[PDB]
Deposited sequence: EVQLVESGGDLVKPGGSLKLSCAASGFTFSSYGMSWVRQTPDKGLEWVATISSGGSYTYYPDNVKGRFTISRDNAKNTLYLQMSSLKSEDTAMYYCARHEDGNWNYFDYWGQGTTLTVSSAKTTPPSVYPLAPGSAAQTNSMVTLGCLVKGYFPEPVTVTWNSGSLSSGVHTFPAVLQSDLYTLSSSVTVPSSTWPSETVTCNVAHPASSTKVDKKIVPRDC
């Protein structure tokens, strides 16, 4: 079936530039109009730009016109989004999307998305503090002061699945913070070991903190 795969999302300082791209597969690309749609948690979905099949006509909304340049390669089946004069309000997840029409229309297919963050903050690996207690016990793990998202938190490399709660991040001092809890039988601890592994790809960092009785 149809397949769209974005790539390119990264951290960028305000007023910066970046180029997003889409790998179109499973359908005759040269026949449909393509487009970008972004999504912010505070303002939902938002059409960012569109381009026609032969790429001769392009349409952007006003809050983007000038800064954004959409384009394509029908020979290579790739869609592109050039961005400049980047702003904090441009921070969102961008979706590669297909129109069912030769020009524009609704959206039948959507890629998996790529995230764009616009900030002055510098990449920082997170600090990981084990959270232990002073029928079944509940342990924690605090991932504090990192940037930017995401951080992948697993327990025992994934061995523990049931009763795991990872709560969304929160910007507090201009750095994210998140925590995760896990519930295990009172017998399986501190007999069996328990560890939260926190991987932060942005800084190629990955820590493994073992929880132990204080």
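Review point. What are the unmodelled segments when the structure is compared with the full deposited sequence, in sequence order?
Key: Missing CA coords at 135-140, 221-222.
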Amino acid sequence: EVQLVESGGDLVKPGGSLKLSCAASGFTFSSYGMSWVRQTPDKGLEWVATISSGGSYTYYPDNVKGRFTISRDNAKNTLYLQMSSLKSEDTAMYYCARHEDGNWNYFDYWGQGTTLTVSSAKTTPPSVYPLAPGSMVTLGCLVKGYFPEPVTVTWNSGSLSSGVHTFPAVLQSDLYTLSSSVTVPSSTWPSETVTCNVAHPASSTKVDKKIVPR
From here on, numbers count along this sequence of modelled residues.
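Review point. Which has the higher mean CA temperature factor in the PDB entry, 24-32 or 184-192?
Key: According to the PDB entry, the answer is 184-192.
Exercise for review: Look up the CA B-factors in the entry and say which stretch, 45-53 or 59-67, has the higher mean.
Suggested key: Of 45-53 and 59-67, the stretch with the higher C-alpha B-factor average is 59-67.
Check your understanding: Going by the entry, which of 114, 135, 91, 127 has the most elevated CA B factor?
Key -> Highest CA B-factor of the listed options: 135.
Check your understanding: Which one of 172, 179, 39, 154 shows the biggest C-alpha B-factor in the PDB entry?
Key -> That would be 172, according to the entry.
Exercise for review: Give the position of residue 84 by CA B-factor within its chain, expressed as the lowest, middle or highest third.
Suggested key: For residue 84, the deposited C-alpha B-factor lands in the middle third.
Practice item. Would you please rank residue 106 by its C-alpha temperature factor against the other modelled residues of its chain and give the third it falls in: lowest, middle or highest? Key: Highest third, going by the recorded CA B-factors of the chain.
**Study point:** residue 131 - Cα temperature factor, lowest/middle/highest third of chain
**Key:** Within its chain, residue 131 is a highest-third residue by C-alpha B-factor, going by the deposited values.
Exercise for review: Report the third (lowest, middle or highest) to which the CA temperature factor of residue 77 belongs, ranking only the modelled residues of the same chain.
Suggested key: Residue 77: CA B-factor falls in the middle third of its chain.
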